[PDB]
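Data from my_file_10.txt: compact mmCIF, C-alpha atoms and all ligand atoms
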# COMPACT_ATOMS: atom_id res chain seq x y z
CA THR A 1 0.00 0.00 0.00
CA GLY A 2 1.09 3.65 0.50
CA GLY A 3 1.71 3.41 4.26
CA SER A 4 1.96 1.09 7.24
CA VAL A 5 -0.50 -1.80 7.06
CA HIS A 6 -1.38 -2.07 10.74
CA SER A 7 -4.75 -3.67 10.06
CA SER A 8 -5.30 -7.40 9.67
CA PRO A 9 -6.41 -9.01 6.41
CA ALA A 10 -9.83 -10.61 5.87
CA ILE A 11 -10.49 -13.19 3.16
CA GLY A 12 -13.62 -13.51 1.03
CA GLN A 13 -15.27 -16.67 -0.30
CA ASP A 14 -13.57 -16.35 -3.73
CA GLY A 15 -10.15 -15.79 -2.16
CA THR A 16 -9.99 -11.99 -2.25
CA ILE A 17 -7.83 -10.44 0.49
CA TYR A 18 -9.10 -7.22 2.12
CA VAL A 19 -6.94 -5.00 4.33
CA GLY A 20 -6.90 -1.38 5.37
CA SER A 21 -3.88 0.87 5.22
CA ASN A 22 -2.49 3.99 6.80
CA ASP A 23 -2.69 5.80 3.46
CA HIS A 24 -6.48 6.03 4.19
CA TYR A 25 -7.59 3.26 1.85
CA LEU A 26 -9.26 -0.14 2.06
CA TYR A 27 -7.61 -2.55 -0.43
CA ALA A 28 -9.12 -5.51 -2.23
CA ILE A 29 -6.47 -7.79 -3.72
CA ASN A 30 -6.70 -10.95 -5.83
CA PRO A 31 -4.97 -14.16 -4.69
CA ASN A 32 -2.47 -13.58 -7.53
CA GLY A 33 -1.42 -10.25 -5.96
CA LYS A 34 -2.94 -7.79 -8.44
CA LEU A 35 -5.15 -4.96 -7.23
CA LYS A 36 -8.90 -5.56 -7.55
CA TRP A 37 -10.02 -2.14 -6.23
CA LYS A 38 -9.23 0.47 -3.58
CA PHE A 39 -11.71 2.48 -1.52
CA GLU A 40 -10.73 5.94 -0.27
CA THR A 41 -11.67 7.01 3.30
CA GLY A 42 -10.95 10.20 5.30
CA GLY A 43 -8.25 8.83 7.63
CA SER A 44 -6.00 5.91 8.50
CA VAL A 45 -7.69 2.49 8.48
CA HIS A 46 -6.20 0.81 11.56
CA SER A 47 -9.12 -1.56 12.11
CA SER A 48 -9.59 -4.91 10.52
CA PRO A 49 -12.33 -5.68 7.98
CA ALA A 50 -15.25 -8.08 8.50
CA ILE A 51 -17.23 -9.85 5.79
CA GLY A 52 -20.97 -10.34 6.06
CA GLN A 53 -23.07 -13.20 4.68
CA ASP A 54 -23.80 -11.32 1.44
CA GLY A 55 -20.15 -10.31 1.07
CA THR A 56 -20.44 -6.74 2.33
CA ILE A 57 -17.14 -5.54 3.78
CA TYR A 58 -17.23 -3.56 7.04
CA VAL A 59 -14.29 -1.64 8.48
CA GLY A 60 -13.75 1.35 10.75
CA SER A 61 -11.74 4.48 10.04
CA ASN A 62 -9.95 7.21 11.99
CA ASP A 63 -12.38 9.71 10.47
CA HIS A 64 -15.01 8.49 13.00
CA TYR A 65 -16.90 6.24 10.55
CA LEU A 66 -17.80 2.58 10.17
CA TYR A 67 -17.90 1.89 6.40
CA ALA A 68 -20.00 -0.68 4.57
CA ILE A 69 -18.66 -1.40 1.08
CA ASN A 70 -20.15 -3.62 -1.64
CA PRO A 71 -17.98 -6.42 -3.09
CA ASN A 72 -17.41 -4.21 -6.21
CA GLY A 73 -15.88 -1.30 -4.26
CA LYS A 74 -18.82 1.10 -4.18
CA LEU A 75 -19.94 2.55 -0.88
CA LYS A 76 -23.03 0.92 0.64
CA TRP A 77 -23.30 3.23 3.67
CA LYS A 78 -21.22 4.82 6.41
CA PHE A 79 -22.47 5.34 9.96
CA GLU A 80 -20.96 8.39 11.77
CA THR B 1 -19.45 7.08 15.63
CA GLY B 2 -18.18 10.06 17.69
CA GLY B 3 -14.46 9.25 17.41
CA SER B 4 -11.87 7.04 15.75
CA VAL B 5 -13.10 3.49 15.18
CA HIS B 6 -9.87 1.62 15.86
CA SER B 7 -11.65 -1.59 16.81
CA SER B 8 -12.68 -4.27 14.34
CA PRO B 9 -16.30 -5.14 13.61
CA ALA B 10 -17.96 -8.43 14.60
CA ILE B 11 -21.07 -9.77 12.88
CA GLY B 12 -23.99 -11.56 14.53
CA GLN B 13 -26.14 -14.37 13.13
CA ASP B 14 -28.90 -11.97 11.97
CA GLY B 15 -26.40 -9.66 10.27
CA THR B 16 -25.93 -7.06 13.02
CA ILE B 17 -22.52 -5.34 12.98
CA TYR B 18 -20.87 -4.62 16.36
CA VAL B 19 -17.88 -2.31 16.79
CA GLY B 20 -16.39 -0.24 19.56
CA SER B 21 -15.41 3.38 19.25
CA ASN B 22 -13.10 5.92 20.81
CA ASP B 23 -16.10 7.93 22.02
CA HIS B 24 -16.40 5.20 24.74
CA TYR B 25 -19.31 3.30 23.21
CA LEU B 26 -20.02 -0.14 21.77
CA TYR B 27 -22.27 0.20 18.68
CA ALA B 28 -24.80 -2.26 17.30
CA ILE B 29 -25.80 -1.44 13.74
CA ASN B 30 -28.30 -3.03 11.35
CA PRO B 31 -27.18 -4.22 7.89
CA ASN B 32 -29.13 -1.26 6.46
CA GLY B 33 -26.90 1.18 8.40
CA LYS B 34 -29.34 2.43 11.04
CA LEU B 35 -28.41 2.35 14.71
CA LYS B 36 -29.81 -0.57 16.70
CA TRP B 37 -28.39 0.46 20.11
CA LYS B 38 -25.30 1.94 21.75
CA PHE B 39 -23.75 0.89 25.05
CA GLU B 40 -21.81 3.45 27.11
CA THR B 41 -18.52 2.44 28.82
CA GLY B 42 -15.99 4.42 30.90
CA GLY B 43 -13.22 4.76 28.28
CA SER B 44 -12.18 4.20 24.69
CA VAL B 45 -13.12 0.80 23.23
CA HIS B 46 -10.00 -0.14 21.25
CA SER B 47 -10.60 -3.90 21.43
CA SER B 48 -12.69 -5.93 19.09
CA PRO B 49 -15.97 -7.61 20.11
CA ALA B 50 -16.59 -11.37 20.27
CA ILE B 51 -19.94 -13.12 20.03
CA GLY B 52 -20.77 -16.15 22.13
CA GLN B 53 -23.04 -19.07 21.26
CA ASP B 54 -26.08 -17.42 22.88
CA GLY B 55 -25.29 -14.09 21.22
CA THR B 56 -23.69 -12.36 24.18
CA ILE B 57 -21.25 -9.68 23.03
CA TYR B 58 -17.91 -9.41 24.84
CA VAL B 59 -15.47 -6.52 24.47
CA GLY B 60 -12.76 -4.87 26.54
CA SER B 61 -12.46 -1.22 27.51
CA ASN B 62 -9.75 1.24 28.54
CA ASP B 63 -11.52 1.59 31.88
CA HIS B 64 -9.99 -1.80 32.90
CA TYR B 65 -13.15 -3.86 32.26
CA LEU B 66 -14.24 -6.76 30.07
CA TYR B 67 -17.95 -6.17 29.32
CA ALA B 68 -20.62 -8.78 28.63
CA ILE B 69 -23.68 -7.27 26.92
CA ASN B 70 -26.97 -8.96 26.01
CA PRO B 71 -28.14 -8.82 22.37
CA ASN B 72 -30.66 -6.09 23.40
CA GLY B 73 -28.00 -3.69 24.74
CA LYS B 74 -28.40 -4.23 28.47
CA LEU B 75 -25.36 -5.04 30.56
CA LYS B 76 -24.97 -8.72 31.49
CA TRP B 77 -21.84 -8.30 33.65
CA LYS B 78 -18.45 -6.61 33.69
CA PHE B 79 -15.34 -8.19 35.19
CA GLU B 80 -12.79 -5.68 36.63
CA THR C 1 -8.88 -6.60 34.97
CA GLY C 2 -6.17 -4.38 36.54
CA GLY C 3 -5.54 -2.21 33.47
CA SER C 4 -6.72 -1.33 29.98
CA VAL C 5 -8.07 -4.32 28.08
CA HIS C 6 -6.80 -3.46 24.61
CA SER C 7 -6.81 -7.07 23.44
CA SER C 8 -9.81 -8.81 21.91
CA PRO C 9 -11.61 -11.71 23.58
CA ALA C 10 -11.55 -15.29 22.28
CA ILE C 11 -14.22 -17.85 23.18
CA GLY C 12 -13.69 -21.54 23.89
CA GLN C 13 -15.98 -24.46 23.08
CA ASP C 14 -17.51 -24.51 26.60
CA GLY C 15 -18.13 -20.76 26.55
CA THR C 16 -15.04 -19.55 28.42
CA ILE C 17 -13.92 -16.02 27.46
CA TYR C 18 -10.15 -15.39 27.19
CA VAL C 19 -8.62 -11.91 27.00
CA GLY C 20 -5.30 -10.33 27.79
CA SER C 21 -4.83 -7.21 29.84
CA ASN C 22 -2.38 -4.40 30.35
CA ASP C 23 -1.76 -5.56 33.92
CA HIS C 24 0.38 -8.33 32.29
CA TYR C 25 -2.13 -11.16 32.66
CA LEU C 26 -4.16 -13.47 30.43
CA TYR C 27 -7.67 -13.93 31.91
CA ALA C 28 -10.00 -16.90 31.62
CA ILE C 29 -13.56 -16.03 32.61
CA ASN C 30 -16.73 -18.12 32.86
CA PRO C 31 -19.88 -17.09 30.95
CA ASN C 32 -21.37 -16.13 34.34
CA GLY C 33 -18.60 -13.54 34.85
CA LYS C 34 -16.57 -15.22 37.61
CA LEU C 35 -12.83 -15.69 37.24
CA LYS C 36 -11.71 -19.15 36.12
CA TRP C 37 -7.94 -18.49 36.25
CA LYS C 38 -5.33 -15.83 35.45
CA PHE C 39 -1.91 -16.39 33.91
CA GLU C 40 0.92 -13.97 34.73
CA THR C 41 3.31 -12.81 31.95
CA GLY C 42 6.25 -10.35 31.95
CA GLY C 43 4.55 -7.42 30.16
CA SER C 44 1.34 -6.00 28.77
CA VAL C 45 -0.77 -8.44 26.72
CA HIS C 46 -1.94 -6.27 23.81
CA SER C 47 -2.44 -9.17 21.40
CA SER C 48 -5.51 -11.28 21.06
CA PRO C 49 -5.66 -14.97 22.03
CA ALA C 50 -6.17 -17.89 19.63
CA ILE C 51 -7.56 -21.31 20.50
CA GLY C 52 -6.19 -24.47 18.94
CA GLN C 53 -8.03 -27.71 18.18
CA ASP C 54 -7.08 -29.25 21.53
CA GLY C 55 -8.00 -26.05 23.38
CA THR C 56 -4.51 -24.67 23.87
CA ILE C 57 -4.58 -20.88 24.19
CA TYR C 58 -1.91 -18.88 22.34
CA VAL C 59 -1.21 -15.19 22.88
CA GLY C 60 1.72 -12.81 22.50
CA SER C 61 3.21 -10.53 25.12
CA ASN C 62 5.27 -7.33 25.27
CA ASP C 63 8.02 -9.33 26.96
CA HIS C 64 8.95 -10.74 23.50
CA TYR C 65 7.20 -14.11 23.97
CA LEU C 66 4.42 -16.12 22.34
CA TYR C 67 2.78 -18.13 25.16
CA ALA C 68 1.04 -21.49 24.90
CA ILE C 69 -1.21 -22.17 27.90
CA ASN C 70 -3.20 -25.32 28.72
CA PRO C 71 -6.97 -24.99 29.30
CA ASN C 72 -6.30 -25.29 33.09
CA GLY C 73 -3.98 -22.25 33.25
CA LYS C 74 -0.60 -23.98 33.40
CA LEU C 75 2.10 -22.98 30.97
CA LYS C 76 2.59 -25.35 28.03
CA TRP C 77 5.56 -23.51 26.47
CA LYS C 78 6.75 -20.04 25.51
CA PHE C 79 8.81 -19.32 22.40
CA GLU C 80 11.21 -16.32 22.73
CA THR D 1 10.57 -13.67 19.34
CA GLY D 2 13.10 -10.79 19.35
CA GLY D 3 10.64 -8.04 20.32
CA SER D 4 7.11 -7.28 21.47
CA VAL D 5 4.53 -9.62 19.96
CA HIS D 6 1.69 -7.15 19.49
CA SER D 7 0.08 -9.15 16.70
CA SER D 8 -2.43 -11.94 17.24
CA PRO D 9 -1.72 -15.57 16.38
CA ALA D 10 -3.43 -17.47 13.55
CA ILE D 11 -3.64 -21.27 13.46
CA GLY D 12 -3.32 -23.49 10.39
CA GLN D 13 -5.11 -26.76 9.64
CA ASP D 14 -2.18 -28.90 10.89
CA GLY D 15 -1.88 -26.89 14.12
CA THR D 16 0.90 -24.48 13.14
CA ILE D 17 0.77 -21.13 14.97
CA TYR D 18 1.62 -17.99 12.95
CA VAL D 19 2.32 -14.60 14.54
CA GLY D 20 4.20 -11.47 13.61
CA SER D 21 6.70 -9.72 15.81
CA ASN D 22 8.23 -6.33 16.35
CA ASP D 23 11.64 -7.69 15.36
CA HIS D 24 10.30 -7.50 11.74
CA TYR D 25 9.58 -11.21 11.30
CA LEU D 26 6.59 -13.47 10.72
CA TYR D 27 6.99 -16.68 12.80
CA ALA D 28 5.68 -20.15 12.08
CA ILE D 29 5.77 -22.38 15.15
CA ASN D 30 4.86 -26.04 15.69
CA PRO D 31 2.33 -27.03 18.37
CA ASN D 32 5.28 -28.45 20.35
CA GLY D 33 6.88 -24.97 20.50
CA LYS D 34 9.82 -25.44 18.13
CA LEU D 35 10.43 -23.01 15.29
CA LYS D 36 9.20 -24.13 11.88
CA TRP D 37 10.43 -21.08 9.91
CA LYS D 38 10.74 -17.30 10.12
CA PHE D 39 10.13 -14.80 7.33
CA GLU D 40 12.00 -11.48 7.36
CA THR D 41 10.16 -8.23 6.43
CA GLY D 42 11.29 -4.58 6.34
CA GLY D 43 9.53 -3.35 9.51
CA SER D 44 7.52 -4.29 12.58
CA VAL D 45 4.66 -6.75 11.97
CA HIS D 46 1.86 -5.32 14.13
CA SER D 47 -0.96 -6.84 12.08
CA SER D 48 -2.40 -10.26 12.49
CA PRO D 49 -2.02 -13.04 9.90
CA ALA D 50 -4.84 -14.59 7.86
CA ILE D 51 -4.85 -18.04 6.27
CA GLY D 52 -6.39 -18.66 2.88
CA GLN D 53 -8.06 -21.83 1.59
CA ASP D 54 -4.81 -23.15 0.09
CA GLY D 55 -2.87 -22.27 3.24
CA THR D 56 -1.26 -19.06 2.02
CA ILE D 57 -0.47 -16.75 4.93
CA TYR D 58 -1.24 -13.03 4.53
CA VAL D 59 -0.03 -10.31 6.88
CA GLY D 60 0.72 -6.60 6.71
CA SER D 61 3.94 -4.83 7.66
CA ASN D 62 5.07 -1.36 8.72
CA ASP D 63 7.16 -1.21 5.55
CA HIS D 64 3.92 -0.46 3.60
CA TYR D 65 3.44 -4.01 2.26
CA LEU D 66 0.87 -6.79 2.44
CA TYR D 67 2.83 -10.07 2.25
CA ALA D 68 1.65 -13.39 0.85
CA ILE D 69 3.80 -16.29 2.05
CA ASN D 70 3.63 -19.97 1.07
CA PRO D 71 3.20 -22.58 3.83
CA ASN D 72 6.95 -23.41 3.48
CA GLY D 73 8.14 -19.86 4.24
CA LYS D 74 8.97 -18.65 0.74
CA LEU D 75 7.52 -15.39 -0.47
CA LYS D 76 4.54 -15.72 -2.82
CA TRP D 77 4.10 -11.98 -3.52
CA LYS D 78 3.98 -8.62 -1.77
CA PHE D 79 1.68 -5.79 -2.83
CA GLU D 80 3.05 -2.25 -2.13
ZN ZN E 101 5.80 4.53 6.30
ZN ZN E 102 -3.45 10.62 7.39
ZN ZN E 103 -11.25 12.24 15.73
ZN ZN E 104 -11.91 9.37 26.46
ZN ZN E 105 -5.86 2.49 33.47
ZN ZN E 106 3.80 -2.98 32.61
ZN ZN E 107 11.19 -5.23 24.05
ZN ZN E 108 12.25 -1.72 13.54

For the structure just supplied, provide its representation as structure tokens.
Amino acid sequence: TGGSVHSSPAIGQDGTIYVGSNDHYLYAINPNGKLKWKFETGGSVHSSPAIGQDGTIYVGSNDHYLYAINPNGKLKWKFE
Amino acid sequence: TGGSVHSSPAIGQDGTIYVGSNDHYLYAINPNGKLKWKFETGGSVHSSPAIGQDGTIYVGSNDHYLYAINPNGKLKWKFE
Amino acid sequence: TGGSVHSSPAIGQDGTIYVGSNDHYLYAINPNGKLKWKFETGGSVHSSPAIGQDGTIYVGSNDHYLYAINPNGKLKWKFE
Amino acid sequence: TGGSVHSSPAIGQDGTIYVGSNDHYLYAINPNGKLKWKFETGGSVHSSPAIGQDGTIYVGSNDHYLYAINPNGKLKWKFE
């Protein structure tokens, strides 16, 4: 990523690895190591992502938000 | 939330997302992004929640406590 | 506990909650909230415990060690 | 290890414990407590490892990288 990866990776059902970074982004990476997508938040993502039963990704941010992100990298919602 | 969300979200059997915040609270949020309940502790909740077999939520706090909280947001117990 | 509980609780097959504390200890607590045992390490336990298939508890410490602890609270081993 | 173990251990299907350390290394340890292998990264490993369906280990580092490491301790890839 573009900064320290303090957060811990989660794995989806098709093998995708999700992890947050200090550069403010949540990363989605393919098992072959090429970027799937990146989602841009307002602060460092120290917390670790969780995957719901439909494949929604949830992760917290230093900008005071819990994000919900669809498997395709579009925002679902963010609770402040 | 009202501060940095350093802690990592847990997911219940009915889809509820649980996460602690720096504003001292444990949050319970519905998959549609509306607040279910919030439980108020004495310090920042950096640690990540765990869900037991009956659905009790456990999480630690900076106020020296491990909290046990019923699925409805009432305190079960807190060990100091 | 006796200090900030930064670490995140793990749950055993019989419901026991395990969490580390800043007071240097790994705690084992019963679902009713009474202390089962406490194991004493050389520094703050920020990391979160894992449970193996036989029920061994593993957790790291600030004293440079990964601890392995039997379900009864006796040390199995510690790798430095 | 050679420094604080802030990160939280993951367990493989054959019982191996994986944990990162502050001495910059990801450790693979056998249930009997003897070192299996150690993988050397460019900074402190605060984040916690995840295990994929083929047994690949993923963990982040302070050197800005997410590492993918084969079960035998050779690098698979690292995304920067
Ligand atoms: Zn850096
Ligand atoms: Zn920043
Ligand atoms: Zn803030
Ligand atoms: Zn405060
Ligand atoms: Zn204190
Ligand atoms: Zn101390
Ligand atoms: Zn040290
Ligand atoms: Zn260093």

Inset, instruction - Enumerate residues in contact with ligand ZN 103 (chain E): an atom-to-atom distance of at most 9 Å, counting all atoms listed in the file. Format the result as a ChimeraX atom specification. - result: /A:62-64 /B:2-5,22

For chain C, list the residues within 10 Å of chain B, counting all atoms listed in the file, and write the list as a short mmCIF file (atom, residue, chain, number, x, y, z; two decimals) with C-alpha atoms, keeping the file's coordinate frame.
data_model
loop_
_atom_site.label_atom_id
_atom_site.label_comp_id
_atom_site.auth_asym_id
_atom_site.auth_seq_id
_atom_site.Cartn_x
_atom_site.Cartn_y
_atom_site.Cartn_z
CA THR C 1 -8.88 -6.60 34.97
CA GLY C 2 -6.17 -4.38 36.54
CA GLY C 3 -5.54 -2.21 33.47
CA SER C 4 -6.72 -1.33 29.98
CA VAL C 5 -8.07 -4.32 28.08
CA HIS C 6 -6.80 -3.46 24.61
CA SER C 7 -6.81 -7.07 23.44
CA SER C 8 -9.81 -8.81 21.91
CA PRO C 9 -11.61 -11.71 23.58
CA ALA C 10 -11.55 -15.29 22.28
CA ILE C 11 -14.22 -17.85 23.18
CA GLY C 12 -13.69 -21.54 23.89
CA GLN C 13 -15.98 -24.46 23.08
CA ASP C 14 -17.51 -24.51 26.60
CA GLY C 15 -18.13 -20.76 26.55
CA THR C 16 -15.04 -19.55 28.42
CA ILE C 17 -13.92 -16.02 27.46
CA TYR C 18 -10.15 -15.39 27.19
CA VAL C 19 -8.62 -11.91 27.00
CA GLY C 20 -5.30 -10.33 27.79
CA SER C 21 -4.83 -7.21 29.84
CA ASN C 22 -2.38 -4.40 30.35
CA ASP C 23 -1.76 -5.56 33.92
CA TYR C 27 -7.67 -13.93 31.91
CA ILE C 29 -13.56 -16.03 32.61
CA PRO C 31 -19.88 -17.09 30.95
CA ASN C 32 -21.37 -16.13 34.34
CA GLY C 33 -18.60 -13.54 34.85
CA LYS C 34 -16.57 -15.22 37.61
CA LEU C 35 -12.83 -15.69 37.24
CA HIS C 46 -1.94 -6.27 23.81
CA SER C 47 -2.44 -9.17 21.40
CA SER C 48 -5.51 -11.28 21.06
#

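The closest residue to ligand ZN 104 (chain E), picked from B:37, B:28, B:42, B:70 and counting only C-alpha atoms and all ligand atoms, is B:42.
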
Fitted copy of chain B on chain A, all Cα, as an mmCIF file with C-alpha atoms, keeping the file's coordinate frame:
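Generated file (part.cif):
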data_model
loop_
_atom_site.group_PDB
_atom_site.id
_atom_site.type_symbol
_atom_site.label_atom_id
_atom_site.label_comp_id
_atom_site.auth_asym_id
_atom_site.auth_seq_id
_atom_site.Cartn_x
_atom_site.Cartn_y
_atom_site.Cartn_z
ATOM 1 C CA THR B 1 0.002 0.002 -0.004
ATOM 2 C CA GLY B 2 1.091 3.648 0.501
ATOM 3 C CA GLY B 3 1.716 3.417 4.259
ATOM 4 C CA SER B 4 1.955 1.091 7.240
ATOM 5 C CA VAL B 5 -0.503 -1.801 7.060
ATOM 6 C CA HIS B 6 -1.388 -2.065 10.740
ATOM 7 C CA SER B 7 -4.754 -3.672 10.060
ATOM 8 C CA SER B 8 -5.298 -7.399 9.663
ATOM 9 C CA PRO B 9 -6.414 -9.000 6.409
ATOM 10 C CA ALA B 10 -9.830 -10.612 5.870
ATOM 11 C CA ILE B 11 -10.488 -13.191 3.160
ATOM 12 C CA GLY B 12 -13.625 -13.507 1.034
ATOM 13 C CA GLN B 13 -15.267 -16.668 -0.305
ATOM 14 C CA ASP B 14 -13.566 -16.357 -3.731
ATOM 15 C CA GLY B 15 -10.145 -15.798 -2.162
ATOM 16 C CA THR B 16 -9.994 -11.988 -2.252
ATOM 17 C CA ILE B 17 -7.831 -10.443 0.490
ATOM 18 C CA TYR B 18 -9.095 -7.219 2.125
ATOM 19 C CA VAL B 19 -6.940 -4.996 4.333
ATOM 20 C CA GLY B 20 -6.897 -1.377 5.370
ATOM 21 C CA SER B 21 -3.880 0.867 5.220
ATOM 22 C CA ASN B 22 -2.490 3.994 6.804
ATOM 23 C CA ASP B 23 -2.685 5.798 3.455
ATOM 24 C CA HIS B 24 -6.473 6.029 4.188
ATOM 25 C CA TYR B 25 -7.596 3.258 1.847
ATOM 26 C CA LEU B 26 -9.264 -0.146 2.061
ATOM 27 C CA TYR B 27 -7.608 -2.547 -0.432
ATOM 28 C CA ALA B 28 -9.120 -5.517 -2.234
ATOM 29 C CA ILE B 29 -6.477 -7.791 -3.715
ATOM 30 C CA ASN B 30 -6.706 -10.951 -5.825
ATOM 31 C CA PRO B 31 -4.967 -14.165 -4.689
ATOM 32 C CA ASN B 32 -2.475 -13.585 -7.528
ATOM 33 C CA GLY B 33 -1.426 -10.248 -5.961
ATOM 34 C CA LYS B 34 -2.943 -7.789 -8.438
ATOM 35 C CA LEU B 35 -5.156 -4.963 -7.232
ATOM 36 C CA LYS B 36 -8.898 -5.551 -7.551
ATOM 37 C CA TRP B 37 -10.026 -2.134 -6.224
ATOM 38 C CA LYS B 38 -9.222 0.472 -3.580
ATOM 39 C CA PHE B 39 -11.707 2.476 -1.530
ATOM 40 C CA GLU B 40 -10.731 5.941 -0.264
ATOM 41 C CA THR B 41 -11.670 7.015 3.305
ATOM 42 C CA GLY B 42 -10.955 10.199 5.304
ATOM 43 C CA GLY B 43 -8.243 8.829 7.632
ATOM 44 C CA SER B 44 -5.998 5.915 8.497
ATOM 45 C CA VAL B 45 -7.687 2.491 8.478
ATOM 46 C CA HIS B 46 -6.200 0.819 11.566
ATOM 47 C CA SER B 47 -9.127 -1.562 12.109
ATOM 48 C CA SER B 48 -9.587 -4.914 10.523
ATOM 49 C CA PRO B 49 -12.330 -5.680 7.971
ATOM 50 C CA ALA B 50 -15.249 -8.079 8.493
ATOM 51 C CA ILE B 51 -17.233 -9.845 5.794
ATOM 52 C CA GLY B 52 -20.969 -10.345 6.059
ATOM 53 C CA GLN B 53 -23.069 -13.195 4.680
ATOM 54 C CA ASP B 54 -23.798 -11.323 1.432
ATOM 55 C CA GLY B 55 -20.151 -10.305 1.076
ATOM 56 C CA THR B 56 -20.442 -6.748 2.334
ATOM 57 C CA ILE B 57 -17.138 -5.545 3.782
ATOM 58 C CA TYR B 58 -17.229 -3.561 7.031
ATOM 59 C CA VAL B 59 -14.290 -1.637 8.481
ATOM 60 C CA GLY B 60 -13.752 1.350 10.748
ATOM 61 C CA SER B 61 -11.739 4.482 10.044
ATOM 62 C CA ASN B 62 -9.948 7.214 11.990
ATOM 63 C CA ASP B 63 -12.376 9.706 10.470
ATOM 64 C CA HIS B 64 -15.015 8.482 13.002
ATOM 65 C CA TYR B 65 -16.903 6.241 10.542
ATOM 66 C CA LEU B 66 -17.801 2.573 10.175
ATOM 67 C CA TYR B 67 -17.902 1.891 6.407
ATOM 68 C CA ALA B 68 -20.011 -0.678 4.571
ATOM 69 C CA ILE B 69 -18.657 -1.396 1.075
ATOM 70 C CA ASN B 70 -20.142 -3.618 -1.638
ATOM 71 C CA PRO B 71 -17.972 -6.415 -3.088
ATOM 72 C CA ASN B 72 -17.412 -4.216 -6.205
ATOM 73 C CA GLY B 73 -15.880 -1.297 -4.264
ATOM 74 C CA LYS B 74 -18.818 1.097 -4.186
ATOM 75 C CA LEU B 75 -19.934 2.551 -0.884
ATOM 76 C CA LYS B 76 -23.028 0.918 0.640
ATOM 77 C CA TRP B 77 -23.300 3.233 3.674
ATOM 78 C CA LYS B 78 -21.217 4.816 6.412
ATOM 79 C CA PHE B 79 -22.468 5.338 9.959
ATOM 80 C CA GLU B 80 -20.955 8.388 11.771
#

Legend entry - Interatomic distance, atom CA of residue 39 of chain C to atom CA of residue 75 of chain B (Å, one decimal): 26.3 Å

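Take atom CA of residue 41 of chain A and atom CA of residue 26 of chain A: the distance between them is 7.6 Å.
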
Legend entry - Straight-line distance linking atom CA of residue 25 of chain D with atom CA of residue 38 of chain A, stated in Å to one decimal: 26.7 Å

Quick one: 4 Å padding each side, axis-aligned, all listed atoms of segment 44-57 of chain B - centre and edge lengths in Å to one decimal, as lines of an AutoDock Vina configuration file?
center_x = -18.0
center_y = -7.4
center_z = 21.9
size_x = 24.1
size_y = 31.3
size_z = 13.6

Would you mind completing segment 13-25 of chain C to N, CA and C atoms and writing the output as a tab-separated table (two decimals), in the coordinates of the input?
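Dumped everything to result06.tsv:
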chain	number	residue	atom	x	y	z
C	13	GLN	N	-14.84	-23.61	23.42
C	13	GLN	CA	-15.98	-24.46	23.08
C	13	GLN	C	-17.00	-24.60	24.20
C	14	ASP	N	-16.60	-24.41	25.46
C	14	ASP	CA	-17.51	-24.51	26.60
C	14	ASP	C	-17.97	-23.15	27.06
C	15	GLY	N	-17.69	-22.10	26.27
C	15	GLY	CA	-18.13	-20.76	26.55
C	15	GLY	C	-17.14	-19.86	27.25
C	16	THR	N	-15.99	-20.38	27.69
C	16	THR	CA	-15.04	-19.55	28.42
C	16	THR	C	-14.55	-18.39	27.53
C	17	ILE	N	-14.46	-17.20	28.13
C	17	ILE	CA	-13.92	-16.02	27.46
C	17	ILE	C	-12.47	-15.84	27.90
C	18	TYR	N	-11.56	-15.67	26.93
C	18	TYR	CA	-10.15	-15.39	27.19
C	18	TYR	C	-9.80	-14.02	26.64
C	19	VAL	N	-9.09	-13.22	27.44
C	19	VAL	CA	-8.62	-11.91	27.00
C	19	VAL	C	-7.37	-11.55	27.79
C	20	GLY	N	-6.47	-10.83	27.13
C	20	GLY	CA	-5.30	-10.33	27.79
C	20	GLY	C	-5.54	-8.95	28.33
C	21	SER	N	-4.68	-8.52	29.25
C	21	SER	CA	-4.83	-7.21	29.84
C	21	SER	C	-3.49	-6.49	29.88
C	22	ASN	N	-3.57	-5.21	30.22
C	22	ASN	CA	-2.38	-4.40	30.35
C	22	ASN	C	-1.68	-4.64	31.67
C	23	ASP	N	-2.37	-5.23	32.64
C	23	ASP	CA	-1.76	-5.56	33.92
C	23	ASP	C	-0.86	-6.79	33.85
C	24	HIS	N	-0.66	-7.36	32.65
C	24	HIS	CA	0.38	-8.33	32.29
C	24	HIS	C	-0.18	-9.74	32.24
C	25	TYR	N	-1.49	-9.88	32.42
C	25	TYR	CA	-2.13	-11.16	32.66
C	25	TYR	C	-3.01	-11.57	31.48
